[PDB]
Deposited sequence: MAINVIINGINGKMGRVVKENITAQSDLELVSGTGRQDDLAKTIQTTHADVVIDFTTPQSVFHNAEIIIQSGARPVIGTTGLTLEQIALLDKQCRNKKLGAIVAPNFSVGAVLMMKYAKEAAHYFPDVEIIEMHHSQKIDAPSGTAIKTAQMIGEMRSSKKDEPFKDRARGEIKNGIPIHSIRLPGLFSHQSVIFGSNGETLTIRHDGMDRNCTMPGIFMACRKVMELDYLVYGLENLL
């Protein structure tokens, strides 16, 4: 029985986590907190074991510190942490023998897509990325596409033609009706191999989130990246 707080309970992601957690029998939602709630107080009142954070880049680091300093384990999906902040959080976690998970992408499908794309790039040097999002996704290319290109470029090194990121063209489609999609297309003599993730809605992150809630109990340090729980 894991006592969970959802921080950011009123946000788009916090609302979806609230809906889905009820069906997780080994987890109990003991509170949902928002901007003007006292997070440390709630952790103490509820004896929280885990705090899921889907808040804002301006608050995420201080939220993480409050969660650890209060004795609970952060499972952080919020974007915004710097390298130096993650390294400091890790030392704080290990000092207290408390676990933490920071995942820039909580979709298992997206993280496996990136894993297999990086592997395949050892065999197929020619590759492009197509990513497609609803129009509310303002940034292009997407952070996931940029990270994918970074991973592929690392493996290799070891105007219609898109935006090159670490050597890899990325094409960004923005259309109503889509949610979050990416296809990595490798080409060779006579064939292609495509690794394609289709995120239909925000439930796409829930198996990754709930997995983190469970694994963070068995950890005494910080894990960065959902792929390191797999």
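- Residues of the deposited sequence lacking C-alpha coordinates, counted from 1, fall in the stretches 1, 160-167.
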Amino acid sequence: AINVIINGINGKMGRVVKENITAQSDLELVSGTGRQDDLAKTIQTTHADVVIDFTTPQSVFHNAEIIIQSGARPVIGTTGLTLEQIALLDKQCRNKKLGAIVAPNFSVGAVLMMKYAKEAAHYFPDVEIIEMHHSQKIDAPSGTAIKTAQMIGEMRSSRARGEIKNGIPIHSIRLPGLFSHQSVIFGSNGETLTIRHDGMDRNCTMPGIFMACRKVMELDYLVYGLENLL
From here on, numbers count along this sequence of modelled residues.
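- The PDB entry records a higher mean C-alpha B factor for 53-61 than for its counterpart among 53-61 and 179-187.
- In this entry, 86-94 has the higher mean Cα B-factor, the comparison being between 129-137 and 86-94.
- By the numbers in the PDB entry, the CA B factor is greatest at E28 among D201, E163, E28, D198.
- Within the selection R159, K147, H122, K115, the deposited Cα B-factor values reach their highest point at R159.
- Per the deposited record, the Cα B-factor of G77 falls in the middle third when ranked against the other modelled residues of its chain.
- For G109, the recorded CA temperature factor ranks within the lowest third of the chain's modelled residues.
- In this PDB entry, the Cα temperature factor of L193 sits in the bottom third of its chain's modelled residues, the lowest group.
- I173 sits in the lowest third of its chain by CA B factor, as recorded in the PDB entry.
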